[PDB]
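This report concerns only the one structure given below.
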Amino acid sequence: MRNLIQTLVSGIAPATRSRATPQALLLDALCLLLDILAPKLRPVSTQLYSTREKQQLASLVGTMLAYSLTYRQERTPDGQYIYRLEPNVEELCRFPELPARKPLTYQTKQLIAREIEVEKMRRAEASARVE
Amino acid sequence: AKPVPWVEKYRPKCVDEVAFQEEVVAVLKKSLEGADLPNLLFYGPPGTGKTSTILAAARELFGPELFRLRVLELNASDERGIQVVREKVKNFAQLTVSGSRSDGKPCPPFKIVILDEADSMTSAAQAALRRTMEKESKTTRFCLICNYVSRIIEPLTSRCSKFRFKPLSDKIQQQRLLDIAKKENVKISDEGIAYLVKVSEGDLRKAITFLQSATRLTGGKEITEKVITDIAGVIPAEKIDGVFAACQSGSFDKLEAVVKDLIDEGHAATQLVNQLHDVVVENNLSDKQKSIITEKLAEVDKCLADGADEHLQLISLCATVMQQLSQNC
Amino acid sequence: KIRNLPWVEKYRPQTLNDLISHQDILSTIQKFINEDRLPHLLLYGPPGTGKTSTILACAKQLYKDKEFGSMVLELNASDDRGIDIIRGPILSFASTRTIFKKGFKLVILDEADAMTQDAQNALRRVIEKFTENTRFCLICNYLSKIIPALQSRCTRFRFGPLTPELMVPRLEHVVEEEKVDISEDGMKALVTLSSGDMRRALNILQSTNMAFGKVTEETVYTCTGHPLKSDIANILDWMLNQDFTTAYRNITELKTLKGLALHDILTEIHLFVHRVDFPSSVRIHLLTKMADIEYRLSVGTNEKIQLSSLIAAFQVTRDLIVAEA
Amino acid sequence: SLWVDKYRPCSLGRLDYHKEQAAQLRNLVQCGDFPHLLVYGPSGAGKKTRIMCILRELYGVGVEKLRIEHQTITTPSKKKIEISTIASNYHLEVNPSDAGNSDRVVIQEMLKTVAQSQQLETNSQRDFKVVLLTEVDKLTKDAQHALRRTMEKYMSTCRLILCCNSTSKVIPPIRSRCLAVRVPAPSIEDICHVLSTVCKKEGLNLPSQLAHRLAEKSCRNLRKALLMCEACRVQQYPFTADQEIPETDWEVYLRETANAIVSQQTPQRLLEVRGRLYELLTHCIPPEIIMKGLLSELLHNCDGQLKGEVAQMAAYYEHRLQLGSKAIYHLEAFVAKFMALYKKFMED
Amino acid sequence: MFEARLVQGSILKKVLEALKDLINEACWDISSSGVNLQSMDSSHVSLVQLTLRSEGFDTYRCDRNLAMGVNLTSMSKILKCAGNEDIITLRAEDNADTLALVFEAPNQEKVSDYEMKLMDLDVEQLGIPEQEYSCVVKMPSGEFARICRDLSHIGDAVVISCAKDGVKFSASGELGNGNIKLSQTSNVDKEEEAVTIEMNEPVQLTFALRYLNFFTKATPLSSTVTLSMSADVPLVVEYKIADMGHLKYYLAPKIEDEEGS
Amino acid sequence: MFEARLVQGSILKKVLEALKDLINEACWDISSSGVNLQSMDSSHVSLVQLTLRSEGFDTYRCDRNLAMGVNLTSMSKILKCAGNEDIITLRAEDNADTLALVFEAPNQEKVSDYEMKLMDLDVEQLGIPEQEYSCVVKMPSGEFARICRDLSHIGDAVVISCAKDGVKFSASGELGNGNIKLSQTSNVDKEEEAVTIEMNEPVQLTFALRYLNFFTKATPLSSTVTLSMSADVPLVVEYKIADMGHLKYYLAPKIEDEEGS
DNA sequence: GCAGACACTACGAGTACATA
DNA sequence: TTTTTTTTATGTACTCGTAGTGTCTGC
Ligand SMILES: Nc1ncnc2c1ncn2[C@@H]1O[C@H](COP(=O)(O)OP(=O)(O)OP(O)(O)=S)[C@@H](O)[C@H]1O
Ligand SMILES: Nc1ncnc2c1ncn2[C@@H]1O[C@H](COP(=O)(O)OP(=O)(O)OP(O)(O)=S)[C@@H](O)[C@H]1O
Ligand SMILES: Nc1ncnc2c1ncn2[C@@H]1O[C@H](COP(=O)(O)OP(=O)(O)O)[C@@H](O)[C@H]1O
Ligand SMILES: [Mg+2]
Ligand SMILES: [Mg+2]
């Protein structure tokens, strides 16, 4: 758990690393962070999303890129691909005997991963255009 | 022309500037004339002037050019293991006493080893100092400085002459603070200086820091009692009366409310223990209730000195005084 | 010639006749030396009683100045005394002959309680094998840190605390050799505050003579900072005779007036708690509370709260003692 | 960027609460001869924001350009230990508690090298450097004893701003050498004003009742209040007055643990509760916060004549936990003592 | 597009060894005049500047002012795989997040390409005042390296004095003082052994040993070395590396002891 | 004012490397006759008596007599960086603590002044008896070093005997015994390789091999060594330097107890 | 005369334990 | 009828692996 905490902390930008200790980030800014990162999203294309849904997706990928969190595909012995966070902070947050909560679907997490990839390349192009 | 904080600007350069520690200052002034300086063990509360006295004595004895050749100052900020005592301290104590003062002032025929903060040294490293102090006493001297004399072993206690630095009385501390405020062109009222010497509790470093910070806060105008109460962290009497009313109520919900309100206001638990202790010893409670409550206050202060949680210790103390106040109701 | 030395090192008993207290032990050691029957010695006792001075006087009596460096191997806690030193320099010193003059050699091991158990186990057959050639003197303050195998091989002498009746003439010799004006109560305060230790009685004498120029009772108790007997009697009378507030005010005024420390007050009140004919249930509670208060003063703890608890430990038992009748 | 970091104030004149303290801190650091500071208060009060505002007031706007620096320190046991450091061109930010019991080796070696050297450029930078020792209450007493002569010798070229939660864990030699600055937690009105200004700058509308409930549930922690407000905005955009506020899992896990304690008093239930306490200690929750949550939930189930005894037992086993090294022994001893007291109270 | 070509592969293979244990990263500033690197250490004591002009390269392409941030631990292992007399081409795209180094194998049969991830570091230029120094002297490079190495076995901090006579190195410790001097060595056949003085005001400043050792780790790039000192300005150690450019080291002095009378 | 001047630095290096693992600290007794050093080892078993003459130095001045006790590890580190063909100046003031070693670099360009802090040990003078010995053997130093190295492989304590025939070495060890006896080896072309017996009464004494092997490290100082033995006085190993002085090693016999049977 | 091979001791590194 | 792993902070002692290095062999 300490190795996972240090791996989560070392990925954040140093401008926001100084604003909170890892202890306070673990106690206060992890479960609420995961509740921020998991909104109610229909499994529909962004094209059919409303302008408000596009703004919510832009805010979601902004706070995903701020903390260097991303979804990647994981293999299972049962034969089904899944999407999981590459820093797996759900085991940092969640507890065994705690009431179940609704997870995001496969289409929504694939949409978030594709959006974070195109947002990283758009950020690279914007930084090339500024410089 | 850089500014310097007043704790270092008003450090005693000579032994005549050290305040209230008359016996050790008289011993060091006799040793300045040529008397046989013994091994020294300075111990007492923080801020009483143990380091400044021996640095002023070393500066008076050796001058500027012989401080690097006659004084070895080791503190807890550097490594003092068994090998540092066996190699570095013994080889320094075995050196010759050469070098004379160029200003014509007399120079003593010994070196000085200032082992500041000797509490942190281990028992083996303190046991390695014994025959180094005894055997090399012709050419060097030792000055152990600590806050607790119980953490220094009894052979080193026996080998050194023990001087206890008392907390500074209100007369000497007030005189020194008024001299510092006169030399800095700042004006402080009598109520302000009375509350300052009440708050500082014999810590002259704390008093100089509070005086400098009150000067910087007000900009150089008159320092009243209100800025001293603001910067000293003193809990107001309304909070203490509310705590005692919550204890006299006998309900634990109001007790939890006032404890959480004092914790959320960031008040230090040591200050709350001091103010509650003053209120308890200065009211009309019975002797048994005062006895039990002051014993719990001492236990709570000991627990806070061991780094326990403030909220749990304060709620335990508040539960004890609530039980005592509701016993007679 | 005049030398700038502390009085605990300027006035050292270079001969066995200058030590004061342990006359039977020193007579036995003198008869060991005069008959050349000196065994492996084990000198133990509290600090400041004259064990290192005893073995240095014996070594200077046994050996001349032209051969002292080849016959005596003195090692202490400032030296490295690991098992490679027992197998190295100590074994080579014990197993070889002398250089200049024929005789038996001496290995002084000062602070023998600081040695590791491996070194103490390696020393056993070095002591037993070369008894004819060399002799060993182990000196310690704590006998429990020396293994029983080394305690069996060395005959042990308990250098107990120096009685104040025999501590006075040596202090008088130091006073008459230093031109110090001292009264009878000053000497009594010196031998009271020393408590079987001649280091602390010389240190206190030198410190008082430098601080004040005279050595009386008031000057000694002011330079040391120790409370007087009358102050402790007043503190006990206030804690047993009146309520919490008046006793607290009087003890606080007495501590602020004279600059007293709570550790010495606790020690003297502990000494007074056994002379006073308390009930046995009261004495157990008082000793437990005073031990707790003494333990709480070893850390960063406010001394005013601990003074209030010291008053509280007696204000608890006031009505118990009175109603016991 | 979250709402905790997007609308953080940059200067001392932009603080929503403790404005008098902001003016006093601006007057304190203007001359440059200010002593070492000890910023203490509850978590989430705004201590680090005020420290960064003090640094802006001292140096330029270059204190916001921070970077990660890695240092390798050799212990006396010759074990190389890696320590991260937030740094700028004017100051450094060190957390020595990441070295644990080796934190003294950070103070004796890494810090003094900072203190013993003057600065490169004395025009863009000022006459002194600042070192921010974060969370000095978690330092061992050896490190705090190594701190004091470094703080006293080189205080004209290196100023220090220690930050902590409780000053009782700081030794009196360190507290004597620094000016203690108390930052209390903001009140309910201040947190409601902060949340209203954040929602207005985001273009949203926030009811007063919802902001009052957020400030009540956050327990005067502005960071947790802002995170809860942003989570409530994410999970439901129309801000209802009775909207369900999300909660942390370890807090509700502590509540369920204390419910499991008070439900049955048996050694089998004690072994289940010990498993729950390992689950809590597994997720890097500090044991004093576990003890505080256990007390705060168990006092809701006790009677009026048992709460003082339960609180005294909690404080006693918390102190014994601080004296020791294995938290599970003292936690299970507290739970077993409470079970014995609760069984005695219920059967009598 | 950043495209640079080296004329000799030994320049990087003698300039990256000093920065291996000195600075934690390499920040290259791309400009029309040349490449600039200004890095401060983690202790905020030492500062490294390296300015290589565009005329010293075989070819140099620069259209936009860019900055690349590379680590040192991977670049040091990449440098040791390269040869000595081979050519090294540095390539960096406008949109990519990596830097490519292409050189020749030591077997001289294949081309080796190594790619490094560009670390996004947020730094600012400190800005040297470039003020007039109170003492400027010239020394041999290898002699200065031997001088700094000889005082390593004596003490952990050295004292540099510079009067009009010459430059005096001292190292006072528990063993004893080691004092060496250099003065008036202009009567030699080689032009690189001329120890000369160029200013007037004498200075005496105490510096650390490890930073001067890391500074003398970059000796054989230049034949001579230049030392600059003043009352409060840091020590400046300058190498004029052939024709491509120059390297500067800034070392802050130690805090002086309380030697009041 | 004391000022000695070694014409070459090799002899001081050989002396301080002979005593490095043996002597704890060097006590140079200074007079107008020369430089004397009588120091025991750390085990108080061996004794070293070095006597260097004033005529062997380049310049030797001594106003008042001195006794300079100094550490040996520091002087060993100073003499490690000293040439074998350079002039080395030892300086000492009247009432100062700095013993100065001034020498030149191996490049023979720059000067080097290394100070040492004198120790303040009060050491009682050890009386050398200077009596007649019952066995005096002149033998080559290299053969003595070789035979000590060859007996170090067999045992640890060696019984050396001497009689009218010659010297004899025995090592009763764990592998077995090794008995090497040499005599009348003066019938060669060389003059250094010769065994000469001068005295009468046979002696047999047992010594440690570690101290003999430490004593044999002065082999380049003298081509011919002298062994003096008797029934009471210790083992003396005398090295006669060519034009500087001499070196005496004293080693005490071990305690050997016969079997009761 | 100089390159290769041999054992030699000094030094760096990992590990355990410390009680009656 | 039941078995894995690193923290405690120094100081010492043991054990083992590695690397300059003095010396011997040979063309
Ligand atoms: N007796 C005194 N006379 C004059 N100034 C004093 C005195 N005591 C303290 N001061 C001032 O307070 C500063 C702190 O004094 P110190 O000598 O460092 O205290 P201290 O005895 O070292 O406390 P500790 O135990 O080390 S925390 C000094 O630099 C002075 O400015
Ligand atoms: N019996 C004594 N007679 C005279 N002076 C004494 C006597 N005992 C102690 N002293 C004084 O105390 C000094 C030191 O005594 P030590 O020989 O160190 O005693 P010790 O009991 O061996 O101490 P420890 O146990 O090693 S700390 C002497 O040089 C005297 O000044
Ligand atoms: N004056 C203020 N106005 C608005 N927000 C604030 C103010 N002060 C603090 N905050 C916010 O409250 C949080 C407090 O966290 P921090 O500043 O790290 O204090 P602490 O160190 O006590 O937790 C920060 O995230 C900050 O954004
Ligand atoms: Mg101090
Ligand atoms: Mg002794």
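Each Cβ is built from the backbone N, Cα and C atoms, and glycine gets one as well.
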Site from E:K117, E:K138, E:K254 that Swiss-Prot describes as SUMO2 cross-link, others unannotated there: E:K254
Phosphotyrosine according to Swiss-Prot, picked from E:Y211, E:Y249: E:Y211
Swiss-Prot annotation (DNA-binding region) - matching range among E:21-40, E:61-80, E:141-160, E:221-240: E:61-80
Minimum Cα separation from E:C135 (disulfide bond), reported as the residue among recorded positions E:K14, E:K164, E:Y211, E:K254 that achieves it: E:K164
For E:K164 (ubiquitin cross-link), the number of other Cβ atoms found within 10 Å of its own Cβ: 11
Nearest recorded site to E:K14 (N6-acetyllysine) by CA-CA distance, among recorded positions E:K77, E:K80, E:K164, E:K248, E:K254: E:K80
Secondary structure composition of the region 'Interaction with NUDT15' (E:7-100) [DSSP: H/G/I, E/B, coil]: 16 helix, 36 strand, 42 coil
E:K164 (ubiquitin cross-link) and E:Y211 (phosphotyrosine), distance between Cα atoms, whole Å: 26
Residues from the recorded positions E:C135, E:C162, E:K254 that lie close to chain D, Cβ under 8 Å, in sequence order: E:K254
Residue among recorded positions E:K14, E:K77, E:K248, E:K254 with least C-beta crowding, 10 angstrom cut-off: E:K77
Cβ-Cβ neighbours of E:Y211 (phosphotyrosine) (radius 10 Å): 22
By Cα-Cα distance, the member of recorded positions E:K77, E:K80, E:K164, E:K248 nearest E:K254 (SUMO2 cross-link): E:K248
Pairwise Cα distance for E:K248 (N6-acetyllysine)/E:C162 (disulfide bond) [Å, integer]: 19
Distance [Cα-Cα, Å, rounded] between E:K80 (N6-acetyllysine) and E:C162 (disulfide bond): 38
Neighbour count (Cβ, 10 Å) for E:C135 (disulfide bond): 25
DSSP state at E:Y211 (phosphotyrosine), helix/strand/coil: helix
Assigned conformation of E:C135 (disulfide bond) - DSSP reduced to three states: strand
Sequence-distant neighbours of E:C162 (disulfide bond) in its chain (C-beta under 8 A, six or more apart): E:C135, E:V137, E:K168, E:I197, E:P202, E:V203, E:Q204, E:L227, E:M229
